[PDB]
Structure formats: C-alpha cells, structure tokens
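Okay, here we've got a single chain as structure tokens, the form deposited in one PDB entry, with questions on binding and movement later.
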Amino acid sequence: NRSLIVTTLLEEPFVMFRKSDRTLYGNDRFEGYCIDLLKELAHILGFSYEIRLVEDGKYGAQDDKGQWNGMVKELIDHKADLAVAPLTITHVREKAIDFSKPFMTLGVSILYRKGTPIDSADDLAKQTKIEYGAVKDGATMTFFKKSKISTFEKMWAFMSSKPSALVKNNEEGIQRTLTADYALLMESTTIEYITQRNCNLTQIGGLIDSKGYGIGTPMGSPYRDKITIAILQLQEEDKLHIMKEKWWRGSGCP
C-alpha cells in the first residue's frame, strides 16, 4: 500500500544522475537500465517507490567478523524494501538476503588496455608487473576470495597483498586501467559497455564464470515473488533484451 524504499548505487548505465539544467530531486534525479526496469515493475505490479542511494556506496560483502555492508546490509537491517542495481545473485549473499529471478546474465572477465597480447586470466596470475584487481566488497571480489580453483586462488593472493589493487568502484577501476598497467576484473555486461565507449580498452579472454543480476529483498519479503513473475513475463517477450539494447547502443569502435 505504501511506497517501497529502493536502495541503489551509481553504476553506469544501470543507475545514473539524469542530466538537466534544473536542480533535480526525488526519483526524477535518476535514469538508466535499472530505473527503466523499476518503472516497468512498478507499472505492472502497482506500487510506488522512493529511490535512495546507499550511504557507503557498496554492493555488499562480509568482513572477518561476519557483518555485512553495502546494499546487502540495507536489506538485512530492513532499511530498504528492494535493492535495484546490477546486484549479483550469489549463494553466499543468499545466507542474508533474497533475490528475484535474474533479469540479466553475465560473467566475470578482464578489462585491460589493448597493447599486450595476453589472452587468459591465467596469464595475469603468473606475473606481477601488470597489477590487477576488482571492486572492493563486490561479487567479483568475493568470487576470487572464495574460489577453490588453483588459478583464481593465485589471483586472490595478489589482490589480498597489494593495498590499492581493490578499488572503490568501477569508475575508479576503469580510470586506473587507463592510467596504469592495470587489469580490472569486471563483469561481462559492463565490459561490453566500457569497451564500446573507450576504444583503447578491450575484453581480455572469455568469461570466467556465469552469474545473473537480480533484484534483492529482505528474506521473506512479500514483494519478492511478485517481482520474479513480473521479470519472467518481461523476458518472455524479450522486453529486457530491448531494454539492454536501448542503454548499451552507441558509438562503436574502429
């Protein structure tokens, strides 16, 4: 009956500050793929919402004591009804929150500057000159932290070693990719987006694994099943494919 609290994060092209001469406020400040997805779910399901940015600007991971941060924490403490963001569905975070069915599929990969003909994530693990990392307290960071693959255990020992190999967000990871010999372990769909706009950047190698982005809710959320059915209906008619095309289309690279 009331307006849901939506926690989210600035992540292009998923959630961004709309451009305007006016000073914007409320939901009107935001636009992007996830905002379109939210508009569509709110229309189908008949709910309203208030979008709030998570104060610590993080997706969510556990520390050594087991406490969460990020949007995951927001759902745990019930300070948000939904998390609408490129939020990875992981069985680790299922210990604390719940997820709708995925609205987008992706995989971890490598964002690197075209110049060295490396082709594999293994090529990074067996050296030290090219520093590499991922977004701190994210699902890509946690995937290497908890992996049992001998190659990925090798890479996590690196990132655990260097202080600033773990970056605050994708923007600063991409910037570091352009200004240093650095490789960013980043998710497939973002790499597609960045490398279409930054012709100096390329995807290195295929996908490391497979995951899906879902809308997160508190455990036992009454809106969660309604969201899942709505998302599944949208994928049947390929409306989420159209929606990705709308926000990913652009210049292209020679």
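A residue's number is simply how far along the shown sequence it sits, counting from 1. The term rigid core refers to the maximal set of C-alpha atoms that superpose within 1.5 Å between the two forms.
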query	finding
Between the two ranges 34-42 and 48-56, the one averaging a larger CA B factor in the entry	48-56
Selected stretch [higher average CA B-factor]: 115-123 or 132-140	115-123
Top Cα B factor in the deposited entry, candidates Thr90, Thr105, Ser100, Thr151	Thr151
Top Cα B factor in the deposited entry, candidates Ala165, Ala96, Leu184, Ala83	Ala165
Position of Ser3 among the chain's modelled residues by C-alpha B-factor, lowest, middle or highest third	middle
Chain-wide C-alpha B factor ranking for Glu192, given as lowest, middle or highest third	middle
Modelled-residue ranking by C-alpha temperature factor, third containing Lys65	highest
Third assignment of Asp209 from its chain's C-alpha B-factors	highest
For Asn200, the third of its chain into which the C-alpha B factor falls	highest
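Beyond what is shown, the protein has a form deposited in another entry; the following relates to that form.
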| item | value |
| --- | --- |
| Comparing forms between this form and the one not shown after core superposition, the one residue of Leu106, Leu124, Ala85, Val72 displaced by 2 Å or more at CA | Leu124 |
| Cα displacement of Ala96 between this form and the one not shown reaching 2 Å, rigid core superposed | no |
| Is_shifted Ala157 between this form and the one not shown (CA, 2 Å cut-off, rigid core) | yes |
